[PDB]
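What follows is a single chain, given as structure tokens, in the form deposited in one PDB entry.
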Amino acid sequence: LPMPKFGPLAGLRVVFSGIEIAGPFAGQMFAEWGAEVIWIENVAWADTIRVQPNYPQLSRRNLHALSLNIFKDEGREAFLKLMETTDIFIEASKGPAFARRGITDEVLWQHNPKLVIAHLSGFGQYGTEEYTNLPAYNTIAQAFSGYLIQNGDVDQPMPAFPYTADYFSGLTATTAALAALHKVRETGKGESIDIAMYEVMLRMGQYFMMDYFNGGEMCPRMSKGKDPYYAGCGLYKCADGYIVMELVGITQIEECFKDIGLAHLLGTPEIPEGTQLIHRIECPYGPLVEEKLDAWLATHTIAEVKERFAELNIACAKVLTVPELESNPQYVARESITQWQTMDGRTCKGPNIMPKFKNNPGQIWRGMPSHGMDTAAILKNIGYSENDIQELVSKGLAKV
């Protein structure tokens, strides 16, 4: 298909089937970085992401849109033909739904033995009958993985937001698919990848869970955004706003304590010389440290705290609100937020390509396409005549 040559993934052909966040995020990331990516949508039901007024202009940029019944008669034929020149196919569905519909990995590989197939589901491609075919949702994946129970406040768990598990799961699929693609270069044989959202999230939540698994205790939840184990780390309130800080290092602790009224604790058996990180539970003075830290910070502005903390080499930052990002000097200097044109000629604002590749940078070359916009071009590209396409459309098997 016509598109500029750019990025590390120029020339790669990626196809995805899925809706909403997790699967499409995985597929579209290839498009950020130069791949030819085809978004498959159902003929009767467009991707529900399109209900949102602005997000999809970002989350579906740089894509080609195919609308095809990939499971029925000529529609299935056209889909399996497409696979013959596809490098990576990503699909998100409820367990082994593709196999139940007659599109097994084996059938995909009959059409392209080199194909890298990524299956993204809530609970995996196999397991028990009770869980395997259950719906995939971000909240459920967080609930089921131990991630949710570690988020929120001491007496109020909550999910990480927004839809954190969908992003982790999608990104993992992209990563895994690129890894499998590497192996195809050497062997000429494809791969199938079983990405279960709860397993992705299990891994992301191990920092303290590893203690529980190996004889120790699970950590508590944060109290008002303060770290559950490390004093002076996390979220604090100043006079005119919130900050985060990380009270780490020998001099940092000594100088900070001088400021807040706790110079007398330095050199004690509880906070001995050379202490570089305070554990709030193990240290009897943990609660006192927080009382004095809170009191000192509450009488100072963010600007004052940042100025002192810079003098003391204490890591910190203002908690930015969304309205403060666009004018922030680092954002401006790095063009972190940019603008592009939608397919219907309106200006859209949003994040630039990340990360920044030096030799082969990504770029935004196309706005989000409409439902079935590229169907005719795609089918022509894989050998369908104009009459064939008109016939697919008349049968209800494709939408142009």
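Between two forms, the rigid core is the largest collection of C-alphas that superpose within 1.5 Å. Sequential numbering from 1, following the sequence displayed.
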property	result
Between 299-307 and 95-103, larger RMS Cα displacement in 4 other deposited structures of this protein after core fit	299-307
Farther-lying stretch by C-alpha RMS in 4 other deposited structures of this protein (rigid core fit) among 118-126, 239-247	239-247
Residue range whose averaged C-alpha B-factor is higher in the record, 160-168 or 323-331	323-331
Which of 360-368 and 340-348 has higher mean CA B factor, as the PDB entry lists it	340-348
Which of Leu277, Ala97, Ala317, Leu235 ranks first by CA B-factor in the deposited coordinates	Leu277
From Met204, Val248, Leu115, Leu288, residue of greatest CA B-factor	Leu288
Chain-relative CA temperature factor third for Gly188	highest
Ranked against its chain, the third holding the CA B-factor of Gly11	middle
Record-listed C-alpha B factor of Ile353: chain third	lowest
CA B-factor placement of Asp194, once the chain's modelled residues are sorted into thirds	lowest
Chain third (lowest, middle, highest) by recorded CA B-factor, residue given as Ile38	lowest
